[PDB]
Amino acid sequence: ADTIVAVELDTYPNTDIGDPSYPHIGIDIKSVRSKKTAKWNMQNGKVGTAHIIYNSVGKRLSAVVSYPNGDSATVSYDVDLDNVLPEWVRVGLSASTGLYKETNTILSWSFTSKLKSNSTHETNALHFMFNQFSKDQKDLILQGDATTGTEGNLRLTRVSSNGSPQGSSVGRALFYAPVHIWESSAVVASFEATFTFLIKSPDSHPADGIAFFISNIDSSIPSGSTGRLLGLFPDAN
Amino acid sequence: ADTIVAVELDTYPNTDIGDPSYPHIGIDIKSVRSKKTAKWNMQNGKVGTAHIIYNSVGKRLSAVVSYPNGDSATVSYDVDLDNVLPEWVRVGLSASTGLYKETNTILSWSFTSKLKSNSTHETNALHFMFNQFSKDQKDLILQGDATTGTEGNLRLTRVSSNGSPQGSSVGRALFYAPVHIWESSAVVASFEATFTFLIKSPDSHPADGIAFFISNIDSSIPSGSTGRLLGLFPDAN
Amino acid sequence: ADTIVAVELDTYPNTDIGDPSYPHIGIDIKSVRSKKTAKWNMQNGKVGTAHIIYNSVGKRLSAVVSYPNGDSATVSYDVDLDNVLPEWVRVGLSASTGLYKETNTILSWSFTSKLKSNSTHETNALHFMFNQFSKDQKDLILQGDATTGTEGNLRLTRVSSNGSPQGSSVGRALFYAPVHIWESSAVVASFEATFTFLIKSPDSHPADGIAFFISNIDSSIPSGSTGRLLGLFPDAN
Amino acid sequence: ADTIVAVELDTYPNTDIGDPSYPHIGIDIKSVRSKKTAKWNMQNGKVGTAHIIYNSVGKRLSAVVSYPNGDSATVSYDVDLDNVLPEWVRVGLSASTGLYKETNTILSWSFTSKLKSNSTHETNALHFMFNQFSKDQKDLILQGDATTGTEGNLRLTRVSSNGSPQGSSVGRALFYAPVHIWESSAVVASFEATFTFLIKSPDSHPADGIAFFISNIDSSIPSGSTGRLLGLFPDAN
């Protein structure tokens, strides 16, 4: 039903729905079966940064994930998003835990979108930055198990009062205002997103991952989308 | 009911509710009776620019209105907005026509708000810019007679198919996302707004003006607020 | 001697040094013989906009040139600039006239460069914007025939007191501060440049073009670089 | 000789040249004898943040200094800088140690200046941000004892190989490009600066302080300006 473009930080290989056989970062165009992936060493308990970049000129969606020691994974995919997404969208973050589990903690999130016309100067633009999340975060739409705490963090999936990640959890956070991410007459339609995160588990394996996504304005968690579907897709096709 | 902080571009003197006896720009703190005003030469049919600036350090709300020939009016008012506004707000533009009339055309509007904590780097932030308005402007909430056209403009009050401003009109446009404009622990809470406008009339006098405003999230046009109340206040007190 | 990376707006085909046989936009990596070109309809006497975009993740230098009626040309080239440029650079604009001539007028120019480390937040950054040039432009280094006028424009090549472009002219403008455009540990090193321009001629054909370029800090106009070498290269190899 | 506007973080009271009898933050208009001060609790060994704000509309130079525990000092001064400074300037940071000493370590520094004309959109602008300083910092001019290290910091005054601050030291760092901080036709000329710092001493008292300053482009350390003159002024008048 929904239309999804996503960058996934996938901690758990589900090798029978196309995942490679290692943790990986991927670009998802209307399917959980990534159009392109790269091997990712998730560092348990450390704070990672993800950077996502697209412009309508180069037409290349790119995504790098790094940790402070310097190890990083990158994935790029050539795609014209004018042909995938509706003109108006909501942008958001998603995360899942299923049979295996992890914290899906967001410490900060920023986004910029710009439409530059022909036309001579300038420009429609939207920019937000969160370095601290609050308990009543009025410019965020929280779906499912997602919560904003008193500790300044966004917590996408269930965590218990002792700091333990729960299994079978799904949560999303979407920015409140719709975003105008393309316009047929824009000479440049570009966007960038950045988020920092803390994934930790005392579990045999961490699962399932975190994703930045762009969707139709009325997007909601699809029925049965915990575990490997990352709160983004109603099936694995 | 609503809480209003506003900068008004007041084209029409209503001298029995406190207006000075000339067109004027003013700072409105919870009353249409400006806390401070300056004389303003509105230039019929020309494109003006208004710039509005506040920070929580200097605690001074300032506002300059200029035209291309260089003539400008400025007004400043010392005020601590932490003590006036709720923490979460919506920001918007308002305009009125009553017995006399004018176009209240907005050609562009931009806003930035930032919260900088102690704490060491950075920062919550919100920035939007509109240089072109569209027919279905999904990130704006249009109240009353306000319309976005096919001509890339925001039209706050009624205009007829021949380009004639109608009397007794009220319209507002508010940005879709709530804004976090103060937080007790922010070392700096600042905001800036800019808009461009075209006020024109073949009328004996233009009325009633345009305002940039900040309000509670659930703000709506008060009953009977056309003419001199500028779509902001339910009375003249 | 110098190291050059450039986007050229080439108005004049020199078909024996590799130009295609039409006006074209191109990406120049250490040679006037573009690595990649696209056909460009230069609109005599109209104000064009050029947008140039690169990031170290997608590793794709892209460049679109448009006019208000909407016609635009785009060119993209995959290149890792970490392997071409020195770490510290100056950025600038260049233009030429030779046997044929044109105005090479710049009406505005903006640039942003960012280095984002691993590392967790943020960032080294440089941003400038010129919408008005002044007679004594202290943050620009003017080379050759380039002048800043009283009319708010940057004029790269010779124009006479009657507004006529002179032949055999070369001029460049470089931003005063060196720019740190890559750093081996930056997870993201990106840059964007935008300029607007007015190319006009009553000449049998316009020549020779305008270029945005990045060079070593001590870059200067190479000996004999008028006409087809665009003030960038000491030869045509 | 030089023209100085400064915000000083003054750790050491020199009560016979006008200092109050406590550590203080102050606004300096062409004199070390501050036009306005506020009491400042310098927290030995902690990372402080200073924020400096001015606009040509409100005409109020403001400055807050904070630490992570939340304690902050603020000082504001009404002044029209169009009447104090030359149009073109350099911006910088200064620090001193004399008979008593301290580290004057800068961990980050950012600056934005904007000129908005009448005129309708936009704008000349300059923005830099340093979160990491490098050993060969080509966009900074280092004066006196100031050094940039391998540890990513700017070190304004002498420190010895064991990490001990030396007495009688003076150092400054100025951004490489001149800045156009006012223009008589700008409807808005505004600026903001932010820096973070680490002042530490095992000394009977810390001295002498750190300052952000704006000066003529050709500004240099005045003869005999260590200790209480903070590297800014040739005398105490």
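Labels A, B, C and D are assigned to the chains in the order they are written; within every chain, residues are numbered from 1.
Criterion: a contact is a pair of C-beta atoms (placed from the backbone, for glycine too) under 8 Å apart; a residue touches a chain by one contact, two chains touch by 3 or more.
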Same or different for chain A and chain C, where same means more than half of the interface numbers show up on both copies? same
B-D, A-C or C-D - pair sharing over half of the A-B contact pairs: C-D
Dist(centroid_CA(chain A), centroid_CA(chain C)) in Å evaluates to 36
Between chain A and chain D, centroid-to-centroid distance (C-alpha), Å: 41
Contacts with two or more other chains, residues of chain C listed in rising order: 121-122, 131
Chain contact topology (line, ring, star, complete or other): complete
For this structure, give each pair of chains that are touching. A-B, A-C, A-D, B-C, B-D, C-D
Given the complex with chain D, which residues does chain C contribute to the contact? 88, 110, 117, 121-132, 134, 138-139, 175-180, 183, 217
Could you pull out which chain D residues touch chain B in their complex? 47, 49, 51, 53, 55, 57-60, 62-64, 66-70, 72, 74, 76, 108, 116, 118-121, 131, 185, 187-188, 190, 194, 196
Please give the residue numbers of chain A that touch chain D in the complex, ascending. 121-122
